[PDB]
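Q: Quick one: experimental structure and sequence below.
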Amino acid sequence: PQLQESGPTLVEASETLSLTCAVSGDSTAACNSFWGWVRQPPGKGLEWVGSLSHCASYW
Amino acid sequence: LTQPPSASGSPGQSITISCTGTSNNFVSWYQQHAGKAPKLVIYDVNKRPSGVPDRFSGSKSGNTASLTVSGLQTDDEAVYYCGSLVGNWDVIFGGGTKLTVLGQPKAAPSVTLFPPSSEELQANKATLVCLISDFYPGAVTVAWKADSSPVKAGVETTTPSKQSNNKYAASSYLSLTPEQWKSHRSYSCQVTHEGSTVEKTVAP
Amino acid sequence: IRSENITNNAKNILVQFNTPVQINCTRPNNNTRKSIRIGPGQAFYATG
Ligand SMILES: *[C@@H]1O[C@H](CO)[C@@H](O[C@@H]2O[C@H](CO)[C@@H](O[C@@H]3O[C@H](CO[C@H]4O[C@H](CO[C@H]5O[C@H](CO)[C@@H](O)[C@H](O)[C@@H]5O)[C@@H](O)[C@H](O[C@H]5O[C@H](CO)[C@@H](O)[C@H](O)[C@@H]5O)[C@@H]4O)[C@@H](O)[C@H](O[C@H]4O[C@H](CO)[C@@H](O)[C@H](O)[C@@H]4O[C@H]4O[C@H](CO)[C@@H](O)[C@H](O)[C@@H]4O[C@H]4O[C@H](CO)[C@@H](O)[C@H](O)[C@@H]4O)[C@@H]3O)[C@H](O)[C@H]2NC(C)=O)[C@H](O)[C@H]1NC(C)=O
Ligand SMILES: *[C@@H]1O[C@H](CO)[C@@H](O[C@@H]2O[C@H](CO)[C@@H](O[C@@H]3O[C@H](CO[C@H]4O[C@H](CO[C@H]5O[C@H](CO)[C@@H](O)[C@H](O)[C@@H]5O)[C@@H](O)[C@H](O[C@H]5O[C@H](CO)[C@@H](O)[C@H](O)[C@@H]5O)[C@@H]4O)[C@@H](O)[C@H](O[C@H]4O[C@H](CO)[C@@H](O)[C@H](O)[C@@H]4O[C@H]4O[C@H](CO)[C@@H](O)[C@H](O)[C@@H]4O)[C@@H]3O)[C@H](O)[C@H]2NC(C)=O)[C@H](O)[C@H]1NC(C)=O
């Protein structure tokens, strides 16, 4: 299982930041885990961003 | 979550770092080496993951969660964060605890404070820089004061870095206006290392 | 209200409603089918 991040390393202010993760060795369809992001500002603590999953319920 | 800022220990000794604010059992701890990605060393309190030594053990008593590392070694030197689920599905992280297993010997820091230059004030800018170096462990908090009252504005502090002599070094940058610089005579910079503090002061 | 013999308690009483009553019945278990092979030619669907 390997996670490879890709996207612009330099973005201008007020613009739209876009990043894409490429998974290897596992399927995103799998209902065993959620997929998301966690950002860590330089010399600072870990902050949770968010996660989602298509594995749904009846509603 | 409230995690202690620092932690130290000798090789072979056992360190116990705590965490509070956890009312549930979803508590988990992480290990992040400097210049690397974080790695999960524990989950669901006590339970261990694959390829993780037995010497790592999670524990939670009341509202307090605790991690315990016995038989310290070189590779255990890193920053340790704790995290847990709260409420419905949100998750938060602590400030993290920096644990260092560096070699001997301990030493007091060294502070050199430089007031703004003559050419800098002409650019209508004022910046004071505290240079701290040759200290153990590698985690130090820095404080600023203008005359007697403390300065809460313009403080930029960065994580220390190891030198060629294996001693850590850090620099804090205070950027203010030339008006408040000339008004207040002396500017004090307080550097707190393992309880004891080292102070420097400059006046024009 | 309909019954074959009313005063008789041995006979069931059939009732017909005016307004329909909303009822929900669900299977709050999201399942999968094993579809195991018990051949030749036959395949049984087990509950995963
Ligand atoms: C209960 O549990 C089950 C699991 O046990 C849950 O089931 C899962 O539900 C999710 C959500 O629907 C599914 O994801 C969808 O995937 C389909 C494609 O599915 C096919 O491909 C899958 C991947 O196959 C690959 O990987 C596997 C594994 O590695 C590999 O083996 C395989 O060879 C291949 O390499 C297959 O897994 C999948 O199989 C499933 O179905 C089989 C029958 O077909 C069944 O036999 C299997 O057992 C298995 O169950 C299948 O072959 C995506 O197309 C789909 O994306 C659309 O749908 C979701 C909502 O469902 C929506 O949010 C998306 O946005 C997207 O909708 C847009 O695209 C549609 C066309 O693609 C279009 O029709 C829509 O109108 C919509 O388009 C509009 O919006 C977009 C923006 O959104 C816009 O751009 C357009 O222009 C337009 O405006 C889903 O992502 C899982 O596949 C499914 N199964 C599993 C195992 O996870 C279930 O959810 C749980 N809950 C309930 C209540 O049942
Ligand atoms: C659909 O369901 C309904 C109910 O859900 C079914 O209704 C049931 O129908 C049967 C009939 O098969 C009834 O049984 C019959 O009852 C009659 C009448 O009995 C009552 O009145 C008697 C007299 O009452 C008057 O007199 C007194 C005295 O002056 C006054 O005070 C009163 O006010 C009246 O004016 C009285 O004697 C009865 O009391 C006795 O019986 C009851 C019930 O068992 C007991 O609790 C009492 O303690 C007391 O013992 C009663 O109050 C009876 O006359 C019928 O008896 C005939 O049939 C018997 C077999 O069951 C048989 O052994 C008897 O000998 C008698 O047969 C006689 O009469 C025939 C006809 O003339 C003759 O051919 C025969 O040769 C013989 O001479 C019988 O017991 C049920 O009561 C009734 N259910 C209820 C709850 O009331 C219906 O059948 C179902 N139908 C279908 C298609 O599904």
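A: It's in. Numbers count the residues shown, from 1 in each chain, chains lettered A, B, ... in the order given. Ligands and ions are numbered 1, 2, ... in the order given.
Q: CA atoms for contacts and neighbours, from now on please.
A: Noted.
Q: Write out the residues of chain C neighbouring ligand 1.
A: For chain C, the residues in contact with ligand 1 (C-alpha under 6 Å from any ligand atom) are residue C:30.
Q: Which residue of chain C lies farthest from its centroid?
A: Distance from the C-alpha centroid of chain C, by C-alpha atoms, centre = their mean, peaks at residue C:40 (32.6 Å).
Q: Can you give me the neighbour number for residue B:76?
A: The tally of other residues near residue B:76 (other C-alpha atoms under 10 Å in any protein chain shown) stands at 18.
Q: so who does it touch?
A: Listed by C-alpha atoms under 8 Å, 6 or more residues apart in numbering or on different chains, the contact partners of residue B:76 are B:99, B:100, B:101.
Q: try residue C:25
A: Contact partners of residue C:25, counting by C-alpha under 8 Å, 6+ apart, are absent.
Q: so where do the strands sit in chain C?
A: C:2-3, C:13-14, C:36-37, C:43-44 (DSSP state E).
Q: Would you check that residue B:45 makes contact with residue B:60?
A: Yes: contact criterion C-alpha atoms under 8 Å: residue B:45 and residue B:60 qualify, at 6.8 Å.
Q: who touches both of the two?
A: Common contact partners of residue B:45 and residue B:60 (C-alpha under 8 Å, 6+ apart): residue B:25.
Q: and the residue lying closest to residue B:6 once chain neighbours are set aside, what does it touch?
A: Nearest non-adjacent residue to residue B:6, counting by C-alpha to C-alpha, 6 or more residues apart in numbering or on different chains: residue B:98, 4.8 Å away. Neighbouring residues of residue B:98 by C-alpha under 8 Å, 6+ apart: B:5, B:6, B:7, B:78, B:79, B:80, B:139.
Q: Give me the number of neighbouring residues for residue A:8.
A: The number of residues packed around residue A:8, counting by other C-alpha under 10 Å, is 9.
Q: That one: which element?
A: Element membership of residue A:8 [criterion: DSSP states H and E] is none; it lies in no helix or strand.
Q: shouldn't it be in contact with residue A:15?
A: No: under the criterion of C-alpha under 8 Å, residue A:8 lies out of contact with residue A:15, with a separation of 12.0 Å.
Q: What about residue B:55, how many residues nearby?
A: Residue B:55 has 13 neighbours, counted by other C-alpha under 10 Å.
Q: Smallest gap between chain A and ligand 2, at which residue?
A: Across chain A, no residue is closer to ligand 2 than residue A:58, which sits at 48.6 Å (C-alpha to the nearest ligand atom).
Q: Over to residue 43: give its phi and psi.
A: Since no chain was named, I'll use chain A. In terms of degrees, to the nearest 10, the main-chain angles of residue A:43 are phi 60, psi 30.
Q: Understood, closing this out.
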